[PDB]
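Undergrad: Following this message is one structure expressed as structure tokens.
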Amino acid sequence: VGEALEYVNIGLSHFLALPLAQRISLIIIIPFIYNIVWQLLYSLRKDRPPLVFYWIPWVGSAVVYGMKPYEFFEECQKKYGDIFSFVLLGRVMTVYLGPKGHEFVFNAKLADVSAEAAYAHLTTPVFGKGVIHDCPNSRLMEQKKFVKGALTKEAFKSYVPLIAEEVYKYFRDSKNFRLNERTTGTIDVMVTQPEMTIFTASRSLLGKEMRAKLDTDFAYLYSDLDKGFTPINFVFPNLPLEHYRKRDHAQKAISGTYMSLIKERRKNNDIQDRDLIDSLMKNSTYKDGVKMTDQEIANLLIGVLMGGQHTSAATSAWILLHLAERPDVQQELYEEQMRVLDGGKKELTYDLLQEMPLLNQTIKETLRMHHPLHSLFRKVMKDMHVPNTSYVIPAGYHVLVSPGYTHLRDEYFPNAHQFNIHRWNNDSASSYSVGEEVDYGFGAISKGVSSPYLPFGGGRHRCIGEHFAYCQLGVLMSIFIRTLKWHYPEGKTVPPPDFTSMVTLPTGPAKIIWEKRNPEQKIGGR
Ligand code: HEM
Ligand SMILES: OC(Cn1cncn1)(Cn1cncn1)c1ccc(F)cc1F
């Protein structure tokens, strides 16, 4: 064996004297071979979930997961069951499908998994430092608490007429509508809904000043920042191109604008209860006494607005698209509007929104069919034993949960690919905890996360924008319904989702044709 060891050194030597044709080829095919051999040895382990076979090292199943994750999950489920792993751009993802998966991932102990470790590079380059994913979990919990303080019933009461006003103003002024001059038109909903969403959300959450900013070239900065919000950040968060420079500069200029308003308000003591900015100026002190800086407040505002932007705009787009081939549902919704608002003589309020179950069921059904986040990740921090299995998920892995997948399973939602708002009759709430509850720092929420329907997630990372989303989408759809009818161009139908973008927005261009219900109706104001 001493003689064997000599030939090892000889072999190492002879390698380095190989022609580069053969040892680019060498250093290529020997990972390819080792990978296959490694998977074969891996598949024999009884303490690991089955691993989806893949040919290309590092890359893994990235391409099929990236383009059609649900079809990917369905195939893996048929073959392997509800628990399985797959390689994705250098990381091993352990998927757990179904309610048991919801429970395993969303209710995982703080010591076991980390969301911020999974998402920091996705969001921090976009929002700025010190907030959301660029901070400890208990900091995040309180930031969520701070923001929730601006999201009260009384706040929604004041938001509704503000949001309504922005919708009507958009109908009046936008080149996409111009209702005082046009009775019919064609629109790309991936153009109109992001614009309507930023106008309505800015006006209510940021306030008059920041909304006024959107009527200038300052609006261009929001687009630049929006482009940095991309899956590519998972691999290339910072790359010396101008996509990144436009992003970084936008983040600085936008937070600078918020900070200017913040410092301005404090200078003049002008701090009431107008908006989320007022709210955070009065309520952003952590439990240990440390106060958020003006930069961190601005950075939080960016993240919250940006996140709400994408989820809400995608959702109202899908609502329009599903209703476009369903004049029956438009008809039902309109009748509800006529009854609840007394033929339109009653002004829309937050309370009246609560008396519109079909409208809210329509939102609920859209979120079932189109969960804007098709996958949620956590990085595994401590080895996790999978209950009632021999499986152990080692630290360094990632767990993946997908409530959106379950939303589309017939076993939980019969005829899951049919849009049917009536499957939610006497269950028109946005969601509802109906068992024991728990507080992670931002308010009591559902302890159990086993519901097959989880558009807003669960556990410590649960959404806090749920009621704002329903308020915003509710006011907007209420006005769309009362003002317009709409349908598809001949031969067109609901498009497939684009699963490669940050949220599962519709494939473009997604066009609908609108017409005024009352051609002679005029929208007043300047
Ligand atoms: C239809 C609209 C929306 C949907 C479907 C949605 C969905 C979700 C989901 C599934 C999560 C859980 C994330 C995870 O577990 O990793 C989440 C978290 C969160 N969302 Fe939303 N969201 C929506 C709108 C909004 C809005 C409008 C806001 C703010 C006004 C918002 C702010 C947040 C915040 C602060 C978190 C917590 C992040 C964390 O704790 O890690 N969302 N959202
Ligand atoms: O959870 C997100 C980040 N994200 C995860 N997968 C894709 N994007 C999205 N989001 C959820 N509700 C709204 N946006 C988020 C969470 C909080 C936040 F402040 C911004 C933000 F983008």
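As shown in the structure tokens, the chain order sets the letters A, B, ...; within each chain, residues go from 1, and ligands are also counted from 1 in the order they appear.
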May I have the residues within 6 Å of ligand 2, computed using only C-alpha atoms and all ligand atoms, as a list in words?

TA: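 Going residue by residue within 6 Å of ligand 2, we get residues 303, 304, 307, 308, 311, 373 and 502 of chain A.
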
Undergrad: Next, write the just-selected residues to a file, as a compact mmCIF listing (two decimals), in the first residue's frame, keeping C-alpha atoms as the atom set.

TA:
```txt
# COMPACT_ATOMS: atom_id res chain seq x y z
CA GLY A 303 -40.53 47.40 1.73
CA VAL A 304 -44.13 47.48 2.93
CA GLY A 307 -44.50 44.20 -1.19
CA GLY A 308 -48.12 45.31 -1.03
CA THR A 311 -49.29 41.19 -4.40
CA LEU A 373 -46.31 33.69 -3.88
CA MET A 502 -41.41 37.84 -8.07
```

Undergrad: Stretch 326-343 of chain A: which residues within 10 Å, counting only C-alpha atoms, same-chain residues fewer than 6 positions away excluded, as an MDAnalysis selection string?

TA: chainID A and resid 320 349 352:360 362 419:422 477:488

Undergrad: Could you write out the selected residues, including C-alpha atoms, as a PDB file, in the first residue's frame?

TA:
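The file below, out.pdb, is the result:
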```
ATOM      1  CA  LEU A 320     -60.320  41.613 -13.904  1.00  0.00           C
ATOM      2  CA  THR A 349     -67.676  53.262   3.426  1.00  0.00           C
ATOM      3  CA  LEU A 352     -70.591  48.927   3.717  1.00  0.00           C
ATOM      4  CA  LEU A 353     -67.656  46.995   2.216  1.00  0.00           C
ATOM      5  CA  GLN A 354     -68.222  44.423   4.950  1.00  0.00           C
ATOM      6  CA  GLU A 355     -71.816  44.036   3.753  1.00  0.00           C
ATOM      7  CA  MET A 356     -70.642  42.934   0.284  1.00  0.00           C
ATOM      8  CA  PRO A 357     -69.946  39.174   0.680  1.00  0.00           C
ATOM      9  CA  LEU A 358     -69.897  38.282  -3.045  1.00  0.00           C
ATOM     10  CA  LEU A 359     -67.321  40.998  -3.746  1.00  0.00           C
ATOM     11  CA  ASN A 360     -65.125  39.671  -0.955  1.00  0.00           C
ATOM     12  CA  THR A 362     -64.463  37.105  -5.521  1.00  0.00           C
ATOM     13  CA  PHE A 419     -63.373  29.938 -10.864  1.00  0.00           C
ATOM     14  CA  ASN A 420     -66.417  29.810  -8.587  1.00  0.00           C
ATOM     15  CA  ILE A 421     -66.990  32.541  -6.024  1.00  0.00           C
ATOM     16  CA  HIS A 422     -69.920  30.614  -4.564  1.00  0.00           C
ATOM     17  CA  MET A 477     -63.479  46.405  -7.570  1.00  0.00           C
ATOM     18  CA  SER A 478     -66.605  48.035  -6.151  1.00  0.00           C
ATOM     19  CA  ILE A 479     -65.950  51.046  -8.384  1.00  0.00           C
ATOM     20  CA  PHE A 480     -64.887  48.991 -11.442  1.00  0.00           C
ATOM     21  CA  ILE A 481     -68.133  47.003 -11.185  1.00  0.00           C
ATOM     22  CA  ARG A 482     -70.372  50.035 -10.700  1.00  0.00           C
ATOM     23  CA  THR A 483     -68.682  51.977 -13.498  1.00  0.00           C
ATOM     24  CA  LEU A 484     -67.666  49.498 -16.189  1.00  0.00           C
ATOM     25  CA  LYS A 485     -68.492  46.225 -17.904  1.00  0.00           C
ATOM     26  CA  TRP A 486     -65.621  44.401 -19.574  1.00  0.00           C
ATOM     27  CA  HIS A 487     -64.800  41.381 -21.728  1.00  0.00           C
ATOM     28  CA  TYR A 488     -62.054  39.689 -23.746  1.00  0.00           C
TER      29      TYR A 488
END
```

Undergrad: So which residues are near ligand 1, meaning at most 7 Å away with only C-alpha atoms and all ligand atoms counted, given back as a ChimeraX atom specification?

TA: /A:106,115,132,140-141,144,304-305,307-309,311-312,315,367,371-373,376-377,455-458,460-466,468-469

Undergrad: Any chance you can output those residues with C-alpha atoms as a PDB file, in the first residue's frame?

TA:
```
ATOM      1  CA  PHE A 106     -45.061  27.927   8.983  1.00  0.00           C
ATOM      2  CA  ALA A 115     -36.752  33.308   6.894  1.00  0.00           C
ATOM      3  CA  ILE A 132     -37.567  43.304   7.464  1.00  0.00           C
ATOM      4  CA  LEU A 140     -39.034  42.191  12.408  1.00  0.00           C
ATOM      5  CA  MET A 141     -41.818  41.239  14.830  1.00  0.00           C
ATOM      6  CA  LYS A 144     -44.748  44.353  11.877  1.00  0.00           C
ATOM      7  CA  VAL A 304     -44.127  47.482   2.931  1.00  0.00           C
ATOM      8  CA  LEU A 305     -45.298  49.588  -0.031  1.00  0.00           C
ATOM      9  CA  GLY A 307     -44.497  44.204  -1.187  1.00  0.00           C
ATOM     10  CA  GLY A 308     -48.118  45.313  -1.035  1.00  0.00           C
ATOM     11  CA  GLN A 309     -47.675  46.782  -4.523  1.00  0.00           C
ATOM     12  CA  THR A 311     -49.288  41.192  -4.398  1.00  0.00           C
ATOM     13  CA  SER A 312     -52.228  43.570  -4.753  1.00  0.00           C
ATOM     14  CA  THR A 315     -54.445  40.116  -7.661  1.00  0.00           C
ATOM     15  CA  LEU A 367     -56.394  34.410  -4.164  1.00  0.00           C
ATOM     16  CA  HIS A 371     -51.555  32.791  -4.758  1.00  0.00           C
ATOM     17  CA  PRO A 372     -49.082  35.550  -5.696  1.00  0.00           C
ATOM     18  CA  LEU A 373     -46.307  33.686  -3.878  1.00  0.00           C
ATOM     19  CA  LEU A 376     -42.198  30.286   0.543  1.00  0.00           C
ATOM     20  CA  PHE A 377     -38.723  29.440   1.850  1.00  0.00           C
ATOM     21  CA  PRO A 455     -53.198  33.062   0.947  1.00  0.00           C
ATOM     22  CA  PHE A 456     -51.533  35.087   3.728  1.00  0.00           C
ATOM     23  CA  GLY A 457     -49.378  32.335   5.208  1.00  0.00           C
ATOM     24  CA  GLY A 458     -49.224  31.680   8.939  1.00  0.00           C
ATOM     25  CA  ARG A 460     -44.514  34.357  12.925  1.00  0.00           C
ATOM     26  CA  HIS A 461     -44.077  35.505   9.309  1.00  0.00           C
ATOM     27  CA  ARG A 462     -47.795  35.782   8.587  1.00  0.00           C
ATOM     28  CA  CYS A 463     -49.033  38.704   6.514  1.00  0.00           C
ATOM     29  CA  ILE A 464     -50.234  41.834   8.319  1.00  0.00           C
ATOM     30  CA  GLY A 465     -51.485  43.528   5.150  1.00  0.00           C
ATOM     31  CA  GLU A 466     -54.445  41.200   4.677  1.00  0.00           C
ATOM     32  CA  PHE A 468     -55.518  46.586   3.875  1.00  0.00           C
ATOM     33  CA  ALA A 469     -55.398  44.366   0.779  1.00  0.00           C
TER      34      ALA A 469
END
```

Undergrad: Can you write out as a tab-separated table which residues of stretch 257-349 of chain A fall within 12 Å of stretch 241-252 of chain A, alongside each residue's closest atom pair and its distance in Å to one decimal, counting only C-alpha atoms and ordering rows by chain and ascending residue number?

TA:
```
residue	atom	partner	partner_atom	distance
A:257	CA	A:252	CA	8.6
A:258	CA	A:252	CA	10.0
A:259	CA	A:252	CA	10.2
A:260	CA	A:252	CA	11.8
A:295	CA	A:252	CA	9.6
A:296	CA	A:252	CA	11.9
A:298	CA	A:251	CA	9.7
A:299	CA	A:251	CA	8.3
A:300	CA	A:251	CA	11.5
A:301	CA	A:251	CA	11.3
A:302	CA	A:251	CA	8.2
A:303	CA	A:251	CA	10.4
A:306	CA	A:251	CA	11.3
```

Undergrad: Near residue A:450, within 10 Å and counting only C-alpha atoms, which residues show up once chain neighbours fewer than 4 positions away are dropped, as an NGL selection string?

TA: :A and (98-104 or 106-107 or 403 or 446 or 454 or 458)

Undergrad: For the residues in that selection, give me N, CA, C and O atoms as a CSV table (one decimal), in the first residue's frame.

TA:
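What ended up in again36.csv:
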```csv
chain,number,residue,atom,x,y,z
A,98,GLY,N,-49.1,20.1,1.1
A,98,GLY,CA,-50.3,19.9,1.9
A,98,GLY,C,-50.3,20.5,3.3
A,98,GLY,O,-49.3,21.1,3.7
A,99,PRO,N,-51.5,20.5,4.0
A,99,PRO,CA,-51.7,21.1,5.3
A,99,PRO,C,-50.6,20.7,6.3
A,99,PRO,O,-50.2,21.5,7.1
A,100,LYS,N,-50.2,19.4,6.3
A,100,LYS,CA,-49.1,19.0,7.2
A,100,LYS,C,-47.8,19.7,6.9
A,100,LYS,O,-47.0,19.9,7.8
A,101,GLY,N,-47.6,20.1,5.6
A,101,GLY,CA,-46.5,20.9,5.2
A,101,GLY,C,-46.6,22.3,5.7
A,101,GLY,O,-45.6,22.9,6.1
A,102,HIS,N,-47.8,22.8,5.6
A,102,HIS,CA,-48.1,24.2,6.1
A,102,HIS,C,-47.6,24.2,7.6
A,102,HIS,O,-46.9,25.2,8.0
A,103,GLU,N,-48.1,23.2,8.3
A,103,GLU,CA,-47.8,23.1,9.8
A,103,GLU,C,-46.3,23.0,10.0
A,103,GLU,O,-45.7,23.7,10.9
A,104,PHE,N,-45.7,22.1,9.3
A,104,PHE,CA,-44.2,21.9,9.4
A,104,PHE,C,-43.4,23.1,9.2
A,104,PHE,O,-42.4,23.3,9.9
A,106,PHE,N,-44.6,26.7,8.4
A,106,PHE,CA,-45.1,27.9,9.0
A,106,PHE,C,-45.0,28.0,10.5
A,106,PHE,O,-44.8,29.0,11.1
A,107,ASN,N,-45.2,26.8,11.1
A,107,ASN,CA,-45.2,26.7,12.6
A,107,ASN,C,-43.9,26.2,13.2
A,107,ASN,O,-43.8,25.8,14.3
A,403,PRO,N,-48.6,26.7,-0.1
A,403,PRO,CA,-50.1,26.7,0.0
A,403,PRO,C,-50.8,27.0,-1.3
A,403,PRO,O,-51.9,26.4,-1.5
A,446,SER,N,-53.8,33.0,14.5
A,446,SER,CA,-54.1,31.6,14.6
A,446,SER,C,-52.9,30.7,15.0
A,446,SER,O,-51.8,30.9,14.4
A,454,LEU,N,-54.4,29.1,2.6
A,454,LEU,CA,-53.5,30.1,3.3
A,454,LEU,C,-52.9,31.1,2.4
A,454,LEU,O,-51.7,31.1,2.1
A,458,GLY,N,-48.9,31.9,7.5
A,458,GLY,CA,-49.2,31.7,8.9
A,458,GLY,C,-48.0,31.7,9.8
A,458,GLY,O,-46.9,31.7,9.2
```
